[PDB]
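Worksheet: the structure to be examined is printed underneath.
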Amino acid sequence: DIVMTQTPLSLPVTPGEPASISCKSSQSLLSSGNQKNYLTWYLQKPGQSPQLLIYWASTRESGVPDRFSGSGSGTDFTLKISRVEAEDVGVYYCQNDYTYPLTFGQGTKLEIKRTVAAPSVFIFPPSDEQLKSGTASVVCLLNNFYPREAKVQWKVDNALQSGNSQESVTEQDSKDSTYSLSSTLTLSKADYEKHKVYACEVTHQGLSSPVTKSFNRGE
Amino acid sequence: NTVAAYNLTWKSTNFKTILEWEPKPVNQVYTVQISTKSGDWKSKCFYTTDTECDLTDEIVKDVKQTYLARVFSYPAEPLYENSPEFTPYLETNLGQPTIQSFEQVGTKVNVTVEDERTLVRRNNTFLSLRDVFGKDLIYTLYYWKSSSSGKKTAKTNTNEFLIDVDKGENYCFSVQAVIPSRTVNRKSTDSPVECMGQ
Amino acid sequence: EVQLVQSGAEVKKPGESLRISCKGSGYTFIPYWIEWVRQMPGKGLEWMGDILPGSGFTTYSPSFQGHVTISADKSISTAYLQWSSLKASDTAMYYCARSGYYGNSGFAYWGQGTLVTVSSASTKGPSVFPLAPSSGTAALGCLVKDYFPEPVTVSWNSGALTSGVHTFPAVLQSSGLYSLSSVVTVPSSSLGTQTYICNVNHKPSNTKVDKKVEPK
């Protein structure tokens with residue numbers, strides 16, 4: 001198997017400026033007879049099937065804008081975008097198109113860079129409706145933040161929780177270039193009634209100090 | 001008085017494609033039409049006395065298309081015959097390959113095959129066999145000694161062979177183009193024999 | 001134009017056989033390779049294998065050889081991918097792709113994809129719970145809990161409210177049942193004046209829920 005290595009794994013790019021993604025192959029992809037490097041590039045936009053961008057390391061598929069370009073030889077290869085717009089976001093894959101088995105890289109996530117924005121933090125207590133069924137879900141919302149990195153820590157009477165919460169992140173918003181996160185802490189009714197203070201602790205690059213939002217049970 | 005065409009057959013090598021038929025005409029002429037299976041008919045050879053028609057220029061436009069042909073008969077409702085279907089990429093005979101070079105590298109011999117030019121054209125590039133077929137193209141080597149104790153075999157995905165040889169022994173070489181994934185016409189004819197010390 | 005149409009989403013128990021299909025149109029089917037590519041939830045692309053429909057010749061990735069069979073019916077312009085018995089780890093998106101015109105020119109055309117879910121779970125409709133606001137702007141939402149399988153469709157006020165709406169990807173819980181939340185940011189002044197109803201639709205169980213989210 002020819003291993004395909006992509007650097008970097010994630011690439012934030014400000015609108016209008018260049019982007020450069022690198023692909024390295026463990027074996028040479030150059031064919032001596034016709035002097036062609038059999039590397040293929042793809043773009044997978046959020047919620048979409050992969051698109052062909054470039055084949056033979058540097059030849060553009062018809063329909064692909066001239067701002068996309070490939071270069072390189074043998075083992076080292078590069079994909080360049082000259083002017084990045086909103087519709088260029090997604091994961092970029094290089095492919096060994098030289099010899100079986102066919103192999104893909106890990107992928108490079110391309111996102112829009114904007115100024116650091118701190119999240120708006122909301123805590124939701126479990127509804128009375130849910131508590132009748134014998135379950136309790138506490139929901140924490142982190143709204144409209146950049147960059148993607150965030151940490152949610154659940155505290156039940158100031159004791160740190162683990163193995164009882166799940167997180168979900170949206171795609172980057174096309175207009176304002178932000179992300180959103182929701183975390184759900186799930187407990188049984190009995191365990192939920194045994195404690196008073198329920199808190200969501202949020203840490204982000206746009207915060208010098210963590211943000212705690214909380215409620216007291218029965219208030 | 002007119003005889004309808006029969007035994008319509010495609011002769012194709014490296015995408016050079018000729019349609020052939022019977023009979024050798026007496027007091028009659030022929031018109032050949034070609035179409036893509038979904039598309040429209042187009043006349044190519046007009047009122048000819050020949051029993052063949054060069055259709056390369058049509059098929060090189062899309063080699064991964066299924067083509068149909070018909071031959072009309074006219075004296076010197078009109079009579080006609082349909083050809084069998086033809087998909088150039090899968091059915092065209094691979095031509096005779098040529099051994100480019102053989103060099104003695106230590107206790108091994110490197111044998112290289114010429115990247116044979118075809119008639120398929122993209123802008124100002126005449127495509128080679130590797131250009132058209134890519135991964136699909138494979139080469140087989142036959143190699144034997146001065147005292148032939150059975151011909152040994154080697155395979156490559158590229159255009160180059162690396163084989164273990166015995167010191168002092170003069171070897172003779174023959175190469176073959178193979179598309180393993182085809183139904184028909186998988187192997188080319190043998191390359192001219194190239195011998196060490198010749 | 002060239003179109004690759006894949007068969008619909010599949011929900012299966014572990015140990016069951018499955019065959020999924022990919023129909024090609026707008027091109028000559030026989031001389032073009034059909035590729036199969038696996039994409040697991042939140043992961044990269046994995047080449048599984050290919051078929052040349054003109055002959056039935058197949059190549060497999062060493063990782064997938066023996067687990068899957070790739071076949072084609074060239075008379076109806078259709079290729080196939082099939083399992084003898086599915087594992088829970090076969091839960092993924094599966095893409096079919098067609099090769100390019102020239103040699104080694106990548107996978108030029110792709111299908112929409114087939115989501116395959118392999119789970120022990122049974123068909124269950126979601127419970128919909130409100131996420132009430134309390135004491136600029138305020139947030140409110142709907143928790144769509146304990147459903148199988150994917151997907152649910154969530155909208156606010158019959159689809160009219162789209163601005164400030166965030167509907168999150170579902171998480172798979174340890175029970176084997178999915179859960180998601182849909183939230184909306186709104187002006188805090190409009191809390192006592194405006195009606196907010198999330199519309200949850202879950203087709204596999206014929207569940208239709210409209211829940212009003214009020215301040216409690």
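Residue numbering restarts at 1 for every chain of the structure tokens, chains are lettered A, B, ... in their displayed order, and ligands are numbered from 1 as they appear.
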Distance table requested - chain A against chain B, cut-off 10 Å, only C-alpha atoms: one row per qualifying residue with the closest atom pair and its distance in Å to one decimal, ordered by chain and rising residue number, as a Markdown table.
```
| residue | atom | partner | partner_atom | distance |
| --- | --- | --- | --- | --- |
| A:31 | CA | B:158 | CA | 7.3 |
| A:32 | CA | B:159 | CA | 7.7 |
| A:33 | CA | B:115 | CA | 5.5 |
| A:34 | CA | B:115 | CA | 6.9 |
| A:36 | CA | B:131 | CA | 8.8 |
| A:38 | CA | B:134 | CA | 9.2 |
| A:97 | CA | B:135 | CA | 8.2 |
| A:98 | CA | B:135 | CA | 6.6 |
| A:99 | CA | B:135 | CA | 6.4 |
| A:100 | CA | B:135 | CA | 8.0 |
```
Excluding same-chain residues fewer than 6 positions from residue 18 (chain C), what lies within 9 Å of it counting only C-alpha atoms, as a list in words?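 Result of the neighbour search: residues 10, 12, 81, 82, 83, 84, 85 and 86 of chain C.
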Among chain B, which residues does DSSP mark as strand (DSSP E) when it is run on the backbone? Keep the chain and numbering as in the structure and answer as a PyMOL selection string. chain B and resi 6-13+16-22+28-36+42-48+52-54+67-75+79-82+99-105+108-113+117-122+125-128+138-144+152-156+160-164+172-178+194-195
Please, which residues of region 24-208 of chain A, numbered as in this document, come out helix (DSSP H, G or I) from DSSP, as a PyMOL selection string? chain A and resi 86-88+128-133+189-193
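Between residue 130 (chain C) and the candidates C:145, C:19, C:203, C:212, the tightest atom-to-atom separation, counting only C-alpha atoms, involves C:212.
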Find the spatial neighbours of residue 138 (chain B), counting only C-alpha atoms, within a cut-off of 9 Å - ignore same-chain residues fewer than 5 positions away - and output them as a ChimeraX atom specification. /B:155-159,176-180
What are the closest atom pairs, with distances in Å to one decimal, for all residues of chain A lying within 9 Å of chain C? Consider only C-alpha atoms, order rows by chain and residue number, and present the result as JSON lines.
```
{"residue": "A:38", "atom": "CA", "partner": "C:104", "partner_atom": "CA", "distance": 6.7}
{"residue": "A:39", "atom": "CA", "partner": "C:106", "partner_atom": "CA", "distance": 8.3}
{"residue": "A:40", "atom": "CA", "partner": "C:106", "partner_atom": "CA", "distance": 5.8}
{"residue": "A:41", "atom": "CA", "partner": "C:106", "partner_atom": "CA", "distance": 8.1}
{"residue": "A:42", "atom": "CA", "partner": "C:106", "partner_atom": "CA", "distance": 8.9}
{"residue": "A:48", "atom": "CA", "partner": "C:112", "partner_atom": "CA", "distance": 7.5}
{"residue": "A:49", "atom": "CA", "partner": "C:112", "partner_atom": "CA", "distance": 6.0}
{"residue": "A:50", "atom": "CA", "partner": "C:110", "partner_atom": "CA", "distance": 6.9}
{"residue": "A:51", "atom": "CA", "partner": "C:110", "partner_atom": "CA", "distance": 7.4}
{"residue": "A:52", "atom": "CA", "partner": "C:108", "partner_atom": "CA", "distance": 5.6}
{"residue": "A:53", "atom": "CA", "partner": "C:108", "partner_atom": "CA", "distance": 8.8}
{"residue": "A:54", "atom": "CA", "partner": "C:106", "partner_atom": "CA", "distance": 8.1}
{"residue": "A:55", "atom": "CA", "partner": "C:105", "partner_atom": "CA", "distance": 5.2}
{"residue": "A:56", "atom": "CA", "partner": "C:105", "partner_atom": "CA", "distance": 6.7}
{"residue": "A:61", "atom": "CA", "partner": "C:108", "partner_atom": "CA", "distance": 8.3}
{"residue": "A:91", "atom": "CA", "partner": "C:44", "partner_atom": "CA", "distance": 8.9}
{"residue": "A:93", "atom": "CA", "partner": "C:45", "partner_atom": "CA", "distance": 8.2}
{"residue": "A:95", "atom": "CA", "partner": "C:106", "partner_atom": "CA", "distance": 8.1}
{"residue": "A:97", "atom": "CA", "partner": "C:104", "partner_atom": "CA", "distance": 5.7}
{"residue": "A:98", "atom": "CA", "partner": "C:104", "partner_atom": "CA", "distance": 6.9}
{"residue": "A:100", "atom": "CA", "partner": "C:61", "partner_atom": "CA", "distance": 7.8}
{"residue": "A:101", "atom": "CA", "partner": "C:61", "partner_atom": "CA", "distance": 5.6}
{"residue": "A:102", "atom": "CA", "partner": "C:47", "partner_atom": "CA", "distance": 6.2}
{"residue": "A:103", "atom": "CA", "partner": "C:47", "partner_atom": "CA", "distance": 6.5}
{"residue": "A:104", "atom": "CA", "partner": "C:45", "partner_atom": "CA", "distance": 6.3}
{"residue": "A:105", "atom": "CA", "partner": "C:44", "partner_atom": "CA", "distance": 7.7}
{"residue": "A:106", "atom": "CA", "partner": "C:44", "partner_atom": "CA", "distance": 5.6}
{"residue": "A:107", "atom": "CA", "partner": "C:44", "partner_atom": "CA", "distance": 6.4}
{"residue": "A:122", "atom": "CA", "partner": "C:139", "partner_atom": "CA", "distance": 7.0}
{"residue": "A:123", "atom": "CA", "partner": "C:133", "partner_atom": "CA", "distance": 8.6}
{"residue": "A:124", "atom": "CA", "partner": "C:131", "partner_atom": "CA", "distance": 5.9}
{"residue": "A:125", "atom": "CA", "partner": "C:131", "partner_atom": "CA", "distance": 7.4}
{"residue": "A:126", "atom": "CA", "partner": "C:131", "partner_atom": "CA", "distance": 7.4}
{"residue": "A:127", "atom": "CA", "partner": "C:130", "partner_atom": "CA", "distance": 6.3}
{"residue": "A:128", "atom": "CA", "partner": "C:129", "partner_atom": "CA", "distance": 8.9}
{"residue": "A:129", "atom": "CA", "partner": "C:129", "partner_atom": "CA", "distance": 6.9}
{"residue": "A:130", "atom": "CA", "partner": "C:129", "partner_atom": "CA", "distance": 6.7}
{"residue": "A:137", "atom": "CA", "partner": "C:143", "partner_atom": "CA", "distance": 8.8}
{"residue": "A:139", "atom": "CA", "partner": "C:131", "partner_atom": "CA", "distance": 8.0}
{"residue": "A:141", "atom": "CA", "partner": "C:183", "partner_atom": "CA", "distance": 8.4}
{"residue": "A:143", "atom": "CA", "partner": "C:185", "partner_atom": "CA", "distance": 8.7}
{"residue": "A:166", "atom": "CA", "partner": "C:171", "partner_atom": "CA", "distance": 6.9}
{"residue": "A:167", "atom": "CA", "partner": "C:171", "partner_atom": "CA", "distance": 7.4}
{"residue": "A:168", "atom": "CA", "partner": "C:169", "partner_atom": "CA", "distance": 6.0}
{"residue": "A:169", "atom": "CA", "partner": "C:168", "partner_atom": "CA", "distance": 6.5}
{"residue": "A:170", "atom": "CA", "partner": "C:168", "partner_atom": "CA", "distance": 5.7}
{"residue": "A:171", "atom": "CA", "partner": "C:168", "partner_atom": "CA", "distance": 9.0}
{"residue": "A:180", "atom": "CA", "partner": "C:166", "partner_atom": "CA", "distance": 7.5}
{"residue": "A:181", "atom": "CA", "partner": "C:168", "partner_atom": "CA", "distance": 7.8}
{"residue": "A:182", "atom": "CA", "partner": "C:168", "partner_atom": "CA", "distance": 7.3}
{"residue": "A:184", "atom": "CA", "partner": "C:181", "partner_atom": "CA", "distance": 8.9}
```
Which residues, written as a list in words, have at least one atom at most 10 Å from residue 32 (chain C), with only C-alpha atoms counted and residues fewer than 2 positions away on the same chain left out?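 Here the answer would be residues 64, 65, 89 and 90 of chain B; 27, 28, 29, 30, 34, 35, 51, 52, 53, 54, 97, 98, 99, 100 and 101 of chain C.
Take the candidates C:159, C:31, C:14, C:42 and check each one against chain B using only C-alpha atoms; the shortest distance goes to C:31.
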Give me the residues near residue 197 (chain C) as a ChimeraX atom specification, where near means some atom within 10 Å (using only C-alpha atoms) and where sequence neighbours in that chain fewer than 3 positions away do not count. /C:130,141-142,155-158,161,200,209-214
Å distance separating CA of residue 80 (chain A) from CA of residue 12 (chain A), one decimal place: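 Atom-to-atom, CA of residue 80 (chain A) to CA of residue 12 (chain A), that is 14.0 Å.
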Could you work out how far CA of residue 160 (chain C) lies from CA of residue 148 (chain A), giving the answer in Å with one decimal?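 Rounded to one decimal, the two atoms are 28.6 Å apart.
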Please list as a ChimeraX atom specification every residue within 9 Å of residue 11 (chain C), counting only C-alpha atoms and excluding residues in the same chain fewer than 2 positions away. /C:9,13,115-119,149
Between CA of residue 69 (chain B) and CA of residue 125 (chain B), distance in Å (one decimal):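 Result for CA of residue 69 (chain B) versus CA of residue 125 (chain B): 28.3 Å, one decimal.
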I'd like the neighbourhood of region 72-77 of chain A as a PyMOL selection string, where a residue qualifies if any of its atoms comes within 6 Å (using only C-alpha atoms), though same-chain residues fewer than 4 positions away should be ignored. chain A and resi 22-25+28-30
Counting only C-alpha atoms, the residue of B:22, B:164, B:62, B:52 that sits nearest chain C: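 Ranking B:22, B:164, B:62, B:52 by distance to chain C, first place goes to B:62.
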